[PDB]
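The structure appears right after this line, and notes come after that.
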2 protein chains.
Amino acid sequence: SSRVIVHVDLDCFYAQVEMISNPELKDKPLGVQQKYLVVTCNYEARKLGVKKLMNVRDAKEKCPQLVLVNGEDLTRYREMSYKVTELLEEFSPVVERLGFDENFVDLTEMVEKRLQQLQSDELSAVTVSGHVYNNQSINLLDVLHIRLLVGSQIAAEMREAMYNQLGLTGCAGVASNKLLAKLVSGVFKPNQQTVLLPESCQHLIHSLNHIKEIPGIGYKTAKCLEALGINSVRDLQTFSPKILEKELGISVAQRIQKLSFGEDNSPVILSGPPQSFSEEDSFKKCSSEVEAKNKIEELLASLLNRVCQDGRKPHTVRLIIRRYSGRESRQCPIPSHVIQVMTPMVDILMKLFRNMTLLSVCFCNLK
Amino acid sequence: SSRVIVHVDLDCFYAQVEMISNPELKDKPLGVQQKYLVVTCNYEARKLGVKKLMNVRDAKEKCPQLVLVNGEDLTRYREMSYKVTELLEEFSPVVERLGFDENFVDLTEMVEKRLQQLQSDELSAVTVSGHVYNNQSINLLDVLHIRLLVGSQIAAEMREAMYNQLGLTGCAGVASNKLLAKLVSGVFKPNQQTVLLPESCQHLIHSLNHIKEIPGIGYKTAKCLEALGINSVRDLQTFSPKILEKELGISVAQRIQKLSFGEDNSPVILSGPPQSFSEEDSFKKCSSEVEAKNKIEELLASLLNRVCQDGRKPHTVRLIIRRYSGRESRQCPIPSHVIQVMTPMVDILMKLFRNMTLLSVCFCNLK
DNA sequence: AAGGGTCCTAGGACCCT
DNA sequence: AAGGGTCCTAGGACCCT
Ligand SMILES: [Mg+2]
Ligand SMILES: [Mg+2]
Ligand SMILES: [Mg+2]
Ligand SMILES: [Mg+2]
Ligand SMILES: [Mg+2]
Ligand SMILES: [Mg+2]
C-alpha cells in the first residue's frame with residue numbers, strides 16, 4: 001500500500017539546453033528570451049538578480065552583461081524533454097510527465113525487488129543518497145525508512161544516468177506520494193536530491209508560506225481562498241469543510257484540503273506519447289487583417305512536420321485567438337480525405353477564424 | 001476498400017419483450033406505457049391506429065381494448081438488448097450498438113472468408129436471402145453484388161439465431177455503409193431483411209421525404225435547413241457548400257451533405273461495455289422540496305446495484321434536473337474512499353443538488 | 001410528468017519553461 | 001506581444017424505445 005515516488009526536476013531547463021549546445025555560455029550569465037520575457041536563466045544570471053518571467057528590460061538593468069538567446073522555438077527543449085522521459089522509462093516504464101522538465105516515477109516495485117535481493121545483514125548497511133529532509137534521523141528498523149532510502153539510491157542512479165547519457169543535471173525528491181515528492185525535490189535546488197521521511201511530512205507542508213505553493217492550488221483558487229481568510233497551510237487544514245465545498249465545489253474543496261495535509265493518493269500516470277501538438281505566436285495587436293492567414297501557415301507547417309514525425313494522425317484541429325483588451329477557440333474534425341495538405345487545412349482554419357494578440361493551432365485526437 | 005455492413009433492428013422491441021414474458025399478450029393489441037406516453041406498441045395495436053410516442057389518452061380512444069403494461073423500468077429491455085449484441089458479437093466481434101434495439105456489424109471480413117471457401121462454380125449459385133431493394137436485378141459477375149448477397153445470407157443467419165436463441169424477431173439491412181444499411185433495413189419492416197445493391201443507392205436516399213429522415217440530421221439541424229429553404233434530399237445535395245458551412249459549421253455542413261448523397265465512411269465501432277449508467281424519473285412539478293432527496297435515493301439504489309453487477313467502478317457522478325417552465329447538471333469525482341455506500345453518495349448529490357420536473361443520476365468514467 | 005444512450009464543443013482549472 | 005502542456009465541466013447535438 002505504501003508507495004515510493006520520485007520527482008525529477010531539471011535545473012534551469014531551457015538555459016541548460018542552450019549552455020550545452022554553445023559551451024561558451026557556461027560561466028556567463030545566460031537568459032533565454034521569449035518576446036519581452038526572460039522565461040528562465042542559468043545560475044550565473046540568478047546570482048546577479050535575474051529571475052524567471054522578468055521583462056528583458058528589468059533583466060538587462062540588473063545584469064547588462066546578460067547574454068540572451070531566443071527560446072521561442074521549443075523544438076530543441078521538447079526533444080531533450082523526451083530523451084529524459086525515455087531514459088527514466090528504462091528504470092520503470094510508468095513515468096508521468098509534468099511540463100517539459102519534470103517527471104514522476106513510481107519506484108515502489110523497483111524498491112521492493114531490490115530489497116528482496118538483499119539479505120538480513122546488508123539491510124543494516126542501506127544508506128541514503130543525497131539529503132534527508134529536515135536532517136531527520138534514519139531508523140534502519142523502520143521498513144518505510146529503508147524503502148525510501150532505496151528510493152533515494154535509484155534517484156541518484158537516474159540523475160547520474162541523465163548526466164552521463166544526456167549531459168543534463170537536475171534535482172530529485174523521494175517521498176511517499178507525488179505532492180510530497182515534488183515539494184521535497186526543490187529543497188536543495190541546484191543539482192541535488194532530497195528524501196522525505198514520513199515523520200517530517202508536517203514540517204514540509206508547514207514550511208510553505210502561501211497556499212499557492214501547493215501544486216494543485218493555483219492563481220484563481222488562491223484568490224478565492226484568501227477571500228475566505230485562508231492564507232496559510234494550517235488555515236486551509238483547519239478551515240470548515242462544509243463552507244469550503246459550498247464556496248469552491250465538492251471536487252476542489254475536498255482535494256485541496258487533502259493536499260493541505262500532504263495527502264495525495266493520485267497514481268503516477270504513464271504519460272506516453274503526447275495527446276496534442278500545438279504552436280503559438282503572440283504579437284502586440286499586430287494582427288487586424290484576414291491576412292492573419294499568413295501567421296496560420298507557419299504554425300501549420302511546423303505542426304504538419306511534427307505530425308509526420310510522430311507517425312500518428314490527428315482527427316481534430318483547433319484554432320485559438322486572443323483579442324486585444326481570456327481566449328477564444330473553434331475546433332472541428334479533420335476530413336478523412338485529408339487525414340491520408342497545406343491548402344485544405346488553411347481553408348478549414350480560416351473558416352474557423354472567420355466564425356470568430358495571439359494565434360495558435362492545435363492538432364489533438366491522435367490515432 | 002468496399003465494406004459489407006449489416007444493420008439489425010428489432011421489431012417493436014419493448015412490446016416484443018413484454019409479449020414474450022406474458023404470452024397472453026400476443027394477438028392482443030399491446031402498448032408499453034411510460035408516464036402519459038405509449039412509447040411503443042405491438043403490430044396488433046399498430047393496425048388499430050396506435051402509434052409510438054402517443055399520449056395514453058389518444059391511444060385508448062383509438063383502441064379502448066388496448067392492453068398497457070408499464071415499461072418505465074428498462075432493466076429487462078436493457079438485459080435482452082445485451083443478449084442480442086452478445087449473440088451478434090459471436091458472428092463478428094466488432095458490433096456497434098445504437099440505442100437498445102439496433103446493432104451494426106461489419107461483415108466484410110466474414111464475407112471475404114466465405115467467398116474464399118467457394119470454388120468457381122458455386123459462385124454462380126450464390127443467392128440472396130430476403131428482399132433486394134427496389135427489386136433490382138442481380139449480376140453474379142459483379143463482385144460487389146456477390147459480396148452483398150453473402151452479407152444477406154449472414155444477416156438471415158443472425159436473425160435466425162436471434163429467434164432460435166432469444167425468441168426475438170427483427171429486421172436487417174445489408175449495404176456498403178452504416179447510413180445505407182440502416183436506411184434499407186426498414187424498407188420491409190416486420191421481421192424481414194433487405195439488401196441494397198449499389199445501383200439503387202440514389203433511389204434509396206431520394207425515397208425519403210423530409211431531410212430529418214437521414215440519421216445524423218435531427219430536430220435542430222432540420223429546422224435550420226428549412227430556414228435556408230432546404231427541404232428535400234436533393235435540395236441538401238445541391239445546396240451551396242460554402243453557405244452551409246457558414247450557417248452550420250464546417251463539421252456539420254460537410255458530413256450531412258455527404259450523408260445526403262448516401263456517403264458515410266464512418267467505421268463500425270465496437271461499443272463493448274457501456275460508458276455510463278443512469279436512472280431517471282420525471283414528474284409534473286411534483287418536486288419543490290429538498291425532500292427531492294427521497295427521489296435521489298431510489299435512483300442511486302438502482303444504479304448502485306447496476307454498478308456492482310457490471311463489476312467495474314465509476315469515478316464520476318452527475319446529477320441532472322429539469323426545472324419547470326433544457327436541462328441543468330452538476331458532476332464531480334467519486335471520492336476514492338467510496339470507490340472501494342448509500343449515505344456518502346447521497347450527501348455528494350444533495351450538495352450538487354443545492355448548487356442548483358425531472359431528476360436523474362449518472363455514473364460515468366468506469367474503470 | 002419517457003428513459004435512456006453516444007460523442008463533440010468551448011471554456012476553464014491546473015502544471016511547467 | 002511566452003509557449004507550451006494536462007484533465008474536467010456543462011452543455012448541446014445526435015440516436016433509440
Ligand atoms: Mg521544474
Ligand atoms: Mg526546473
Ligand atoms: Mg500552486
Ligand atoms: Mg429501432
Ligand atoms: Mg425497432
Ligand atoms: Mg434524423
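Convention: sequence-line order gives letters A, B, ...; per-chain numbering from 1. Below, all heavy atoms of this structure are taken into account, side chains as well, without hydrogens, waters or symmetry copies.
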Distance below 4.0 Å between [X] side-chain N/O and [N] OP1 or OP2:
{"X": "A/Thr221", "N": "C/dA13", "value": "no"}
{"X": "A/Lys182", "N": "C/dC16", "value": "yes"}
{"X": "A/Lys35", "N": "D/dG3", "value": "yes"}
{"X": "A/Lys212", "N": "C/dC14", "value": "no"}
{"X": "B/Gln331", "N": "D/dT9", "value": "yes"}
{"X": "B/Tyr77", "N": "C/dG4", "value": "no"}

(request) Have a look at the sugar of C/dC14 and report north or south, taking a positive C1'-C2'-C3'-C4' as north and a negative one as south. (result) north
(message) Considering just the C1'-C2'-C3'-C4' torsion, please state whether D/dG4 has a north or south sugar.
(response) north
Heavy atoms under 4.0 Å, any strand shown: does [X] hit a base, just sugar-phosphate, or nothing?
{"X": "B/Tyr219", "result": "sugar-phosphate"}
{"X": "B/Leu359", "result": "nothing"}
{"X": "B/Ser271", "result": "nothing"}
{"X": "A/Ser329", "result": "sugar-phosphate"}
{"X": "B/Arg318", "result": "nothing"}
{"X": "A/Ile217", "result": "sugar-phosphate"}
{"X": "B/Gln33", "result": "nothing"}
{"X": "A/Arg322", "result": "sugar-phosphate"}
{"X": "A/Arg306", "result": "sugar-phosphate"}
{"X": "A/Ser276", "result": "sugar-phosphate"}
{"X": "B/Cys286", "result": "nothing"}
{"X": "B/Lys178", "result": "nothing"}
{"X": "B/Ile269", "result": "nothing"}
{"X": "B/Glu72", "result": "sugar-phosphate"}

Please determine whether a side-chain nitrogen of the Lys or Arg among [X] and [Y] lies less than 4.0 Å from a carboxylate oxygen of the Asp or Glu.
{"X": "B/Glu72", "Y": "B/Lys35", "answer": "yes"}
{"X": "B/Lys189", "Y": "B/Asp9", "answer": "yes"}
{"X": "B/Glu328", "Y": "B/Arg322", "answer": "no"}
{"X": "B/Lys295", "Y": "B/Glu279", "answer": "no"}

Given [options], identify the nucleotide with an atom nearest to the side chain of [X].
{"X": "B/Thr40", "options": "D/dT6, D/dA2, D/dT17", "result": "D/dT17"}
{"X": "A/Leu98", "options": "C/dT17, D/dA10, C/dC15", "result": "C/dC15"}
{"X": "A/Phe13", "options": "C/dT17, D/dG4, C/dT6", "result": "C/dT17"}
{"X": "B/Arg330", "options": "C/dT17, D/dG11, D/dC16", "result": "D/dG11"}
{"X": "B/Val39", "options": "D/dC16, C/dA2, D/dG3", "result": "C/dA2"}
{"X": "A/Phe100", "options": "D/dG5, C/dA2, C/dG5", "result": "D/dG5"}
{"X": "A/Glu279", "options": "C/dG4, D/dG4, C/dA2", "result": "D/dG4"}
{"X": "A/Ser278", "options": "D/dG5, C/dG3, C/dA1", "result": "D/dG5"}
{"X": "A/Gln275", "options": "D/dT6, D/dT17, C/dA2", "result": "D/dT6"}
{"X": "A/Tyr14", "options": "C/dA2, D/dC16, D/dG3", "result": "D/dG3"}

(request) Could you measure between the two P atoms, the one in C/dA1 and the one in D/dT17, and give it in whole Å? (result)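 Their P atoms lie roughly 22 Å apart.
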[X] [atom1] to [N] [atom2], straight-line distance once rounded to whole Å:
{"X": "B/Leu53", "N": "D/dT17", "atom1": "CG", "atom2": "P", "value": "9 Å"}
{"X": "B/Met54", "N": "D/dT17", "atom1": "CE", "atom2": "P", "value": "15 Å"}
{"X": "B/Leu179", "N": "D/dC14", "atom1": "CG", "atom2": "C1'", "value": "14 Å"}
{"X": "A/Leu74", "N": "C/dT17", "atom1": "CG", "atom2": "P", "value": "13 Å"}
{"X": "B/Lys52", "N": "D/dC15", "atom1": "NZ", "atom2": "P", "value": "14 Å"}
{"X": "A/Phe104", "N": "D/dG5", "atom1": "CZ", "atom2": "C1'", "value": "14 Å"}
{"X": "A/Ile348", "N": "C/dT9", "atom1": "CD1", "atom2": "P", "value": "13 Å"}
{"X": "B/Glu96", "N": "C/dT6", "atom1": "CD", "atom2": "P", "value": "11 Å"}

(request) Map B/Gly218 and B/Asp101 onto DNA chain D by nearest heavy atom, then report which one ends up closer to the 5' terminus. (result)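 Nearest-nucleotide comparison on DNA chain D picks B/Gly218.
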(message) Can you confirm if the NZ or CZ of A/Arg97 lies within 45° of the ring axis of A/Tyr82 and under 6.0 Å from the centre of its six-membered ring?
(response) yes
(message) Under the criterion side chain to side chain contact (heavy atoms under 4.5 Å, CB included), I'd like the reasoning laid out for A/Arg330 against A/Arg318: C-alpha separation, chi angles, the key distance, then a yes or no.
(response) CA-CA 6 Å; A/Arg330 301 284 182 272; A/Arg318 186 164 35 230; over 6 Å; no
(message) Between A/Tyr14 and A/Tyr77, does the ring-ring contact (aromatic ring centres under 6.0 Å, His included) criterion hold? Intermediate values first, please.
(response) CA-CA 6 Å; A/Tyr14 291 6; A/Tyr77 314 144; 3.9 Å; yes
(message) Need the pair for D/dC16. Rule: Watson-Crick or G-U wobble, both distances under 3.5 Å, any strand; none if unpaired.
(response)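 With both distances under 3.5 Å, D/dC16 matches C/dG3.
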(message) How close do B/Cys224 and B/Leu248 get, counting heavy atoms only, and between which atoms?
(response) CB-CD2, 3.7 Å
(request) Report yes if the side chains of B/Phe363 and B/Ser278 come closer than 4.5 Å at any heavy-atom pair, otherwise no. (result)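 Sidechains of B/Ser278 and B/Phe363: no contact.
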(message) Quick check: on DNA chain C, is the nucleotide nearest B/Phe283 upstream (toward 5') of the one nearest B/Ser360, or the reverse? Name the residue that is more 5'.
(response)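 This one resolves to B/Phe283.
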